[PDB]
Structures are given as C-alpha cells and as structure tokens.
Amino acid sequence: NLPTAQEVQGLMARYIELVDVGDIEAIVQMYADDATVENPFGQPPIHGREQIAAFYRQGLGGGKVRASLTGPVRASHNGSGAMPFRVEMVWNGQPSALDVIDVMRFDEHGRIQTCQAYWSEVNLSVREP
Amino acid sequence: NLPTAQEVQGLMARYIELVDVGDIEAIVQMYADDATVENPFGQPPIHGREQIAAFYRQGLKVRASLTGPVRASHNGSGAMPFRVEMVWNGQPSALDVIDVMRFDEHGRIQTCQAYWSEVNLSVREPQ
C-alpha cells in the first residue's frame with residue numbers, strides 16, 4: 001500500500017545507502033518508471049527511468065561519491081518525507097562537501113514518484129588537503 | 001526581486017527566529033497575502049493571511065532552532081532542518097521538522113510545507 005511514516009523513513013534511508021555505494025541499478029529500481037527528479041531543485045525536471053538512470057550514471061560515475069544522513073528522516077502520513085544529508089565528492093577537481101535536503105513522495109507500491117534535491121553553491125564547501 | 005540563494009538562507013533563518021520568540025505578527029508579515037501553508041504536509045492546505053495567522057495563533061510554550069544549514073536554490077526556494085520544543089499531550093516534547101519554502105519576487109513566503117509526523121516526535125518522560 002502507500003508507505004506509512006516509518007516505511008518512508010526506511011525507504012529514504014536506503015536510498016542514501018545505495019548512493020553511498022553507487023549502486024545505480026538499485027537506485028533506479030527504487031524509482032517509479034514515470035518518476036520525476038529535480039536536482040538541484042530549480043533545474044528542468046528530468047522524467048522517466050531512462051533519464052533518471054542517465055542522471056545517476058553521469059553523477060555517480062568517474063566521480064567518487066559518498067553520502068550519509070546527517071539527521072532523522074522527517075516523514076508524513078501521506079507517503080512523503082524529507083531528509084538532511086551530506087555528500088562528499090570531487091567538485092572542480094577538488095575534494096568537496098555538499099549539504100543537501102531531499103524531498104521524496106512515494107506511490108502505493110513504495111516506489112519514488114517524485115524527488116527534489118535542495119542545494120546550491122552556498123551549500124558547497126571545498127575541503128583543504 | 002526574486003530572493004537569491006543567500007537571501008533565501010537569511011529569510012528562512014529569520015522565520016525560525018520569529019517562531020522561537022512567538023512573534024505571530026511578524027511571522028504573518030513574512031507571508032504573501034495569498035500564501036498557502038501545509039503543516040503537517042499531508043493535511044489540507046491552509047490559504048491566505050487570515051487563516052495563516054489563525055494557524056500560528058493557536059499553535060504559538062514554543063521554542064525552535066535550526067539544526068543545520070538552510071539549503072537554498074537559485075529559483076527562490078529553500079529547505080531547512082530544525083527542532084521544535086513544545087508541550088505535546090501535556091508533556092514537554094521535541095519535534096524534528098523540515099520546512100520547504102518558496103518565495104515571491106517581493107521576498108514574501110508564497111508556499112510553506114512542514115515535513116514531520118509522530119515518528120519525529122519525542123517526549124521527555126517525567127523524571
């Protein structure tokens with residue numbers, strides 16, 4: 001059915017794990033086939049599994065990415081949630097840290113229908129040697 | 001104009017301050033007159049300054065503080081993690097929340113959505 005609050009918390013936390021390990025295949029599996037992704041929010045939405053997989057491919061690729069929850073997943077009783085996390089990756093050839101909040105809405109099958117990632121350069125920090 | 005990323009960060013941080021001190025009048029001033037509020041998200045949206053002010057009125061022995069940086073976009077929106085301290089069911093309680101806000105070209109809140117539920121509620125048991 002439609003993910004309960006606790007179920008949302010588990011799903012969104014799993015998402016972060018798949019990202020941390022770069023399991024593109026599993027990430028895309030979590031998405032509905034008609035899902036939309038806006039990342040960073042304010043960019044044109046990307047639609048469907050093909051484009052979503054392409055997005056994760058170029059992002060979780062050649063790069064060198066880590067991600068971890070920095071706080072509890074906030075979950076509603078209508079299949080949505082939001083979570084704070086931190087991403088470690090290379091930005092402009094330098095080791096960087098990005099603070100992000102993702103908002104996700106799930107369908108009655110527990111697949112991500114909508115994901116929106118909130119962050120910009122103000123949330124980017126370039127780490128010293 | 002439309003709030004820059006840094007401006008969004010400042011506005012959203014100011015919102016939390018007004019809440020912390022319970023300045024209902026100032027809170028409502030931050031909102032556009034036609035703004036919508038969904039709090040908790042998944043509840044029927046509340047529309048306009050009258051209803052919004054009524055919402056904050058009945059809601060506001062409360063404390064609130066940012067627990068992390070405001071995430072801000074380049075299109076006038078942002079999201080922030082924070083913690084609310086209040087009485088829930090006659091007991092001292094803590095609530096973890098994330099608010100997502102979208103601003104208009106006048107720097108007023110057009111849309112606010114508060115993400116939280118009972119899973120994010122913790123009660124301080126009587127000691």
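Note: hydrogens, waters and symmetry copies are ignored here, and every other heavy atom, side chains too, is used. Chain identifiers are assigned alphabetically (A, B, ...) following the order of the sequence lines, protein sequences preceding nucleic acid strands; residue numbering begins at 1 within each chain.
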Should the pair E50(B)-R57(B) be classified as a salt bridge under the 4.0 Å nitrogen-to-oxygen rule? no

Tell me whether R124(B) is salt-bridged to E85(B), with the criterion being a basic N under 4.0 Å from an acidic carboxylate O. yes

Does the gap between the ring centers of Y56(A) and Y31(A) come in under 6.0 Å? yes

Residues that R14(A) engages under side-chain hydrogen bond (donor to acceptor under 3.5 Å, both in side chains), provided they are two or more places apart: none

Below 4.5 Å, heavy atoms only, C-beta onward: do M30(A) and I27(A) meet side chain to side chain? no

Hey, does the side chain of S117(B) reach the backbone of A5(A) with a donor-acceptor pair shorter than 3.5 angstrom? no

Residue list, side chain to side chain contact (heavy atoms under 4.5 Å, CB included) with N39(A), at least two apart or on another chain: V37(A), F55(A), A117(A), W119(A)

May I have the step-by-step check of side chain to side chain donor-acceptor pair (under 3.5 Å) for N78(A) and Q43(B), ending in yes or no? CA-CA 9 Å; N78(A) 81 148; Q43(B) 293 279 126; over 6 Å; no

Student check: side-chain heavy atoms of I16(B) and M80(B) closer than 4.5 Å: yes

Who are the side-chain hydrogen bond (donor to acceptor under 3.5 Å, both in side chains) partners of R49(A), not counting sequence neighbours? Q29(A)

Mark yes when over 12 heavy atoms from residues, nucleotides or ligands other than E118(B) sit less than 6.0 Å from its CD; otherwise mark no. yes

Are there more than 12 heavy atoms of other residues, nucleotides or ligands under 6.0 Å from atom CD of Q91(B)? yes

